[PDB]
Structures are given as C-alpha cells and as structure tokens.
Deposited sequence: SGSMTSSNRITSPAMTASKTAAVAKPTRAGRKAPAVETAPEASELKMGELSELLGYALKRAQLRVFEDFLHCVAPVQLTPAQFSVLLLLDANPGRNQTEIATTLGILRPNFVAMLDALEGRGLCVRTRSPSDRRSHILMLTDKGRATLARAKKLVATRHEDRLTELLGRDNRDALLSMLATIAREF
C-alpha cells in the first residue's frame, strides 16, 4: 500500500498519525509506573482539582460516561484514587500521588524533552498553539 493518494495531503490523517506515535512513545516512557496518557491525565486533574465529581473530570477530558466509569474501575482497583460521597467526589490516594509525581518526571524528562528537541522550540510552540486552536475553535 505504498501510494498514499490524498491521505498525505489531509491534515486529519497526519494529525492522527502523529497522535498515535506520541501515545506509543508516552506508553514506553511511562511504563515504569504503568499509565496510559488518559490515566495520567485523570490523576493529574484529580490532584490539581480536589473534590470534583466524575462528570466534571470526564467532561473536561472529553471522555464519555460509560468509558470514564470503566477507567475509574481500573484506577480504583489499582488503589490510585477513591470514589467518596458528596454533601460522588474523587480523590487521589497516597499511592496515586506517588505514581503521579513519578509519572510527571518521566513524561517531562524522557518524552516531552525529546519531542521538543526533535522539533525545536519555535516549531513546538507554534504547533502547540495551532493544536489548541483546532481543539478550541474547530
């Protein structure tokens, strides 16, 4: 299937392929603490925004209800966060906080730094901006 036709001129294709490659690298770099990007993002949102419910987290990360529930089942079964009553709030446990701190360090040092070096600082920044604009306005 060597000829790409219009695929190699379509932004969505290139976006998807880049997204896939970055995920695969994330997974390898963060493997010592066994997080997917979404797992990492959730823990990271929980630690930065305590006392939020399961809906605020899922909606902020564009994850659908039954998908979010399944992912909470995994995180909670691993002892990384807890579901706990609202006067359905979510809290990191100590184990959560510890795996998160380690993950942040692997992500920055091992994964993000290499992507920035590949791209260069100006490109990286213009890329991040254009991506943010697609997400926000497209």
Unmodelled stretches of the deposited sequence, numbered from 1?
1-43, 131-135
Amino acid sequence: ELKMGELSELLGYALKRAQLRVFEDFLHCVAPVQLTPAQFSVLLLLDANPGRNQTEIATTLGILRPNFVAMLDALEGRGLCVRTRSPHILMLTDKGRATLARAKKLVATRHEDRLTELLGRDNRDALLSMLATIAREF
From here on, numbers count along this sequence of modelled residues.
Selected stretch [higher average CA B-factor]: 42-50 or 88-96:
88-96
Pick between 111-119 and 18-26: the one whose mean CA B-factor in the entry is higher.
111-119
Assert third(CA B-factor, residue 104) within chain per record equals lowest
Third assignment of residue 61 from its chain's C-alpha B-factors:
middle
For residue 75, return the chain-relative third of its C-alpha B-factor as stated in the PDB record: lowest, middle or highest.
lowest
Quick check for you: using the entry's CA B-factors within this chain, is residue 2 in the lowest, middle or highest third?
highest
Is residue 82 in the lowest, middle or highest third of its chain when residues are ranked by C-alpha B-factor?
highest
